[PDB]
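# Structural features, examined
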Amino acid sequence: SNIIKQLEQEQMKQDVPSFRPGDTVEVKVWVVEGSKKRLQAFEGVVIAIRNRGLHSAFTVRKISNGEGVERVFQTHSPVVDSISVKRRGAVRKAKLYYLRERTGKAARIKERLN
Amino acid sequence: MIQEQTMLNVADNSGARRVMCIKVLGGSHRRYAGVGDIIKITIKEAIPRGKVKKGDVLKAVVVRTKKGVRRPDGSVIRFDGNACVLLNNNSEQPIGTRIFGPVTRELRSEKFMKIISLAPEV
Amino acid sequence: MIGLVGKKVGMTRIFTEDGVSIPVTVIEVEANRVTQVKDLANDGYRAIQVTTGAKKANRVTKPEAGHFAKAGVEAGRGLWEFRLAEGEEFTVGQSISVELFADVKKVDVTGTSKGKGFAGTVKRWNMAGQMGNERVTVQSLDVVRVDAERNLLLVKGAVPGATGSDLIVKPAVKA
Amino acid sequence: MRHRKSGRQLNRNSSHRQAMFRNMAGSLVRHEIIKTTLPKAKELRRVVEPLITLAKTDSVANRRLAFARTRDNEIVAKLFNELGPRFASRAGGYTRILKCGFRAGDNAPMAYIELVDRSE
RNA sequence: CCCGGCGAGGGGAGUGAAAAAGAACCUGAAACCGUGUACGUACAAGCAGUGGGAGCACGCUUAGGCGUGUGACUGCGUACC
RNA sequence: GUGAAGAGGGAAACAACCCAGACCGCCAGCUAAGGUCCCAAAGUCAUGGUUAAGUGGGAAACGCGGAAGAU
RNA sequence: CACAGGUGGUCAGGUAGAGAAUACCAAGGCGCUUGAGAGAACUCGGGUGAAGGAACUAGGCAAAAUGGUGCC
RNA sequence: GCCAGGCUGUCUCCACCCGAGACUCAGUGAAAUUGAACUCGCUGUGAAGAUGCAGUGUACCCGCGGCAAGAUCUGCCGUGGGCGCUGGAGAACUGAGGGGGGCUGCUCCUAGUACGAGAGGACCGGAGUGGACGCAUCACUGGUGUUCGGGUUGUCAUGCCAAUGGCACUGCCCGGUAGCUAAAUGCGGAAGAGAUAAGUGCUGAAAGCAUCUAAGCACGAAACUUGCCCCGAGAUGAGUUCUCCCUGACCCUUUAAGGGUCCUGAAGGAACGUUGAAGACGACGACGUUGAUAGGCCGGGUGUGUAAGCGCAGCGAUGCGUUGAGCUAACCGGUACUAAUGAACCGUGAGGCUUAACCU
């Protein structure tokens, strides 16, 4: 109702850019080490976007050491600092779960050129 | 999460390629084992020469889980498959000095202080 | 000590400064004014009757209207009782806000589980009988945020009852 | 189960139910009045009111969409010409249901469903 | 003649000794199914009866405590071949 | 001797345990076995003894103990 | 029994099809004699699914994976 | 005949979805069995496990769905109709009693501490964190989501192209709204209290020693019960508290917990509708014009993905701007536009006798 909508919206920051699915993106994450905190950069490709209010989370996949690791980043969580788009893609598909099997050239995507 | 009789990917230079689970420890009448739990696995394939021989039975620990684990902030770490590294009851220090793929931040256990150094890719 | 009756609205997550997500269930806590007071001399025990909400005059039975008129307050959607902790007493018409829970840090939630149809033996005990619509209590829950001016209460975990249901939040007896 | 779900079962094949509702809507549009069971009448109203609401706006895409769920060129032509302007002022509630007792054949409840204007 | 559906069936009138003889037709019982009448039963445990038995209605000697309809309670009572 | 082919009363129930052989009816009295706190009809009756453990109200051989009995 | 069963021969189109098998249509015949209801547990016939393909069962018995052309 | 490998809910654990039965409404409708039934548990006996014998205890009467310990009956869980709690009615609870479980590993400081020649080495059970059970929830992890969207093979149809709809398991797939879901996350095995075995004890003889006891007279095990929640006054012993309604008349008799007639019809309920995260049918919750109860509508959100048409390019497949567009069931805030009308029925008209205290 109104109360829950107000509670959800009062904790929203208008800083996340609008990135299409399958678009390469970098994420800055705060990580706690020892008694301090530091920044970590994670580059990947957005596969699925599920923007349920403040519960908005997007899955970002990366290839490291020859293995695929996918992590879900919360759109508005304090843990996520900033989102930057480096390489722009274009796929006519909301979800990119199909590429888990593709590799090399097949996994690559074409430039948007919008 | 890992269940009984599940294949685990090998993330060490011990030469192992395919390892099968036989028994699950870490709790009486336990049905599943997490990433930070000790499991019992065997070996299916071994290199022609090395310290690991076919048929050996020894402990191991999962470094990566297909299902993944959650985070206090709601984040979830999911991997393309299950990866496990063999461990020994005595001389816990695994032979492998190199680990395939990244690792999570839950390896801060008392006996896992020597593995965080490895796996440079996070 | 004394619990208050509220209305479940929903549940979501709350983000902490350190970067921790915590489940929170949302309870609207309207001012639960007291209508009648029970005492040892007359009623045999110490208790106070609390009412909340509003009922349309047409849909309010005349006996209830007379009872509330004697209480000198508008008719609510229900009446509830809470045993006193042998502390300071209250008076009829004394509105009670959520401030009481602003310094407890531990509360218990009682409510009716969501109804369900016939359940099999495996579904029940892992015999068949009705499921849900039964009083159930979950204890040792810590309040996260309190908003007196908004009648909003956030409590960790999950509580019995879906959206639109009525529940009771009481100070945690166990500690 | 049974919690916050829409659509009465009307035990039948899903495609069979869809065709049944298409026929019901076509008949109601053609004759502006039907004499059918209440359980079916409710979902008939729920499925037909969107059609008339869409028909209130005239456009090639709207006509194609109406024909997609109607499959009757004459019925589609009847739309956008008479019903659209007739109920232009009104927003929603384009149908009314009046009970007329229980069906004698099998004691099944039955009622009339007709447009608000229905004439003139 | 009327109700009924221009049916089946029923209700009047008439004939008929009689229609409590109507073609399902002399005489018409119990098992079985219904209404009404009078009584008992919803705190009360077992071959369901036998004696005691207040109470509940009718007619009687117009009371005089009589019979019929029921049996709350109570002692006893573990079917036939 | 009983049942077979004999009822009735007592032993809480019970066919072989005790008294006792029913012609029928009666709102009468007296007895056999068994009882006389109640349940249930009778003495909370008298005299002289044992009992402190509910042994009574289940138990042998053996030095009060032995003694452990059935949802 | 208007039963769910058996009953001998002939007539044998179009589309994509090696095919009279396969799926929809031509002429033709039918909606099969109880219908409608929120659609519970449970039974029967099926579909999807995270960690696995045999760790339940004496038992790969149901189900599920592939289902070809020429060459390196 | 055998081996190595891939391959599915056979399973850990099953979760969800689509159809026919299972339940109700209107009608047809037979069987096996049947001495009669007012068809309880326990103990003892019995031709020997007793619904029927002796003793004891519980249970209002009658229905609906299954679990099958013995689907007619006995028995269990849930839920209904009638009845009384004594004028009637609506709510809130005390509570005689009843359901159940009280499990368990690792680490931290305590602490390398007391004690102990040294070696050796805790009580601690205070904090954090696992395993198994139950309860709660869908925001998160996902599964389902044949009612939403898109890709695509064949065929038919809309007079034909384009564009659409049906069939082929939902035709085959890719995603997914809401609900349900565990593999996901919140909590619990309390603390404290009473009685406690062993054991630990202040003074203490009889019997100038001694002793848990003879006199005065104290703690205590994870064993047991409360403490923890849930049902519960059908607890017929039928409870306690609050509030509301009825304040008429007349006649007769077998003259009293009597009967009858006219008027009255209170509060409340049921009756019917919208219906629900309530439901097999009952029942329960919100509303019924003095309204957001259901449908539709507006806007948002989610999902899917660049709809058709238009003009350009490739003589064709197709792409380009229109267009992050079109559509969107179950989600959210409003909207009376539509459907819940005025009403009828039951439920009454001062509440039985006795006793004790009050003003009369």
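Throughout, residue numbers begin from 1 within each chain and advance along the sequence as written. They need not agree with those in the entry, and any residue without coordinates is left out. By the order in which they are written, chains take letters starting at A while ligands take numbers starting at 1. Taken from a larger assembly, the chains shown here are the sole basis for all values reported. Calculation of side-chain values draws on the structure's entire complement of heavy atoms; hydrogens and water are dropped beforehand.

By the naming in the PDB entry, chain C is 50S ribosomal protein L3, taken from Escherichia coli. UniProt positions are given in the numbering used here, feature names are shortened, and annotations may be inferred rather than shown by experiment. The UniProt entry for chain C carries the following comment under Function: "One of two assembly initiator proteins, it binds directly near the 3'-end of the 23S rRNA, where it nucleates assembly of the 50S subunit." Its UniProt record, at the heading Sequence similarities, says of chain C: "Belongs to the universal ribosomal protein uL3 family."

Identification of chain B as Large ribosomal subunit protein uL14 from Escherichia coli is taken from the PDB entry. As its UniProt record puts it under Sequence similarities, chain B is described as follows: "Belongs to the universal ribosomal protein uL14 family."

### Digging into the sheet that holds strand 3 (residues 109-115) of chain D
All names here are of chain D. Note on pairing: two strands pair once DSSP finds at least 2 bridges between them. Only DSSP runs of H or I covering at least 4 residues are called helices, and only runs of E covering at least 2 are called strands; the numbering of each starts at the N terminus. Across the sheet, three strands lie side by side as 1-3-2; this open sheet has antiparallel pairing. Lying at the two open borders of the sheet, with one neighbouring strand each, are strand 1 (33-36) and strand 2 (95-102). Going across the sheet, the axis of each strand differs from the next one's by a mean of 20°, ignoring polarity. Strand direction decides the pairing type here: strand 1 and strand 3, joined by four bridges, are antiparallel. Looking at strand 3, one finds that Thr-36 is bridged to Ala-111. Contacts between residues were defined by any pair of non-hydrogen atoms, one from each residue, lying within 4.5 Å. Structural elements are reduced to axes, namely lines fitted to C-alpha atoms, with helices fitted over the stretch in contact, and the angle between N-to-C directions of any two is expressed from 0 to 180 degrees. Contacts from helix 1 (residues 14-31) reach strand 1 and strand 3 within the one sheet, and its direction differs from that of strand 1 by about 135°. Strand contacts of helix 2 (residues 38-55): strand 1, strand 2 and strand 3, with the helix running at about 25° to strand 3, the strand carrying the most contacts.

### Digging into the interface of chain B and chain A
Tallying the contact residues gives 15 residues for chain B and 18 residues for chain A. Buried area: the sum, over both parts, of the accessible surface (1.4 Å probe) that disappears when the two are put together. For the pair chain B and chain A, the two sides together bury roughly 1,400 Å², of which 45% comes from carbon and sulfur. Together, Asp-73, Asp-80 and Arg-105 of chain B form the three largest contributors to the area buried by chain B at its contact with chain A, with a combined 32%. We define a polar contact as two N or O atoms separated by no more than 3.5 Å, with the added condition that, inside protein, one atom must be a possible hydrogen donor and the other a possible acceptor, whereas residues neighbouring each other in sequence contribute only through side-chain atom pairs. At the boundary of chain B with chain A, the tally comes to six residue pairs in polar contact. Residues are grouped as follows: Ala, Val, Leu, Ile, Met, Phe, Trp, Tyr, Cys and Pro are nonpolar; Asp, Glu, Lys and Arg are charged; every other residue, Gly included, is polar. For the side of chain B that touches chain A, the residue count by class is five nonpolar, three polar and seven charged.

### Digging into the pattern of salt bridges
Working definition: two side chains of opposite charge can pair if their charged atoms are close together. Only one rule defines a salt bridge in this text: a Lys or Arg side-chain nitrogen within 4 Å of an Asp or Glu carboxyl oxygen. Taken as a whole, this structure holds 13 salt bridges over all chains when the rule is applied. Of the charged contacts, one joins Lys-78 of chain D and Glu-32 of chain D as a salt bridge, the two residues approaching to 2.5 Å between their closest N and O atoms. Remark: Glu-32 of chain D occurs in the loop between helix 1 and strand 1 and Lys-78 of chain D occurs in helix 4 (residues 73-78); sequence separation between them is 46 residues. When its relative accessible area of 17% is taken as the criterion, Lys-78 of chain D is described as buried. According to the relative accessible area criterion, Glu-32 of chain D is partly exposed, its value standing at 23%. One continuous salt-bridge network, built from bridges that share partners, spans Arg-46, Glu-86 and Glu-89 of chain C. Per-residue accessibility, obtained with a 1.4 Å probe over protein chains only, is compared with the maximum for each type, and a residue is labelled buried under 20%, exposed over 50%, and partly exposed between these values.

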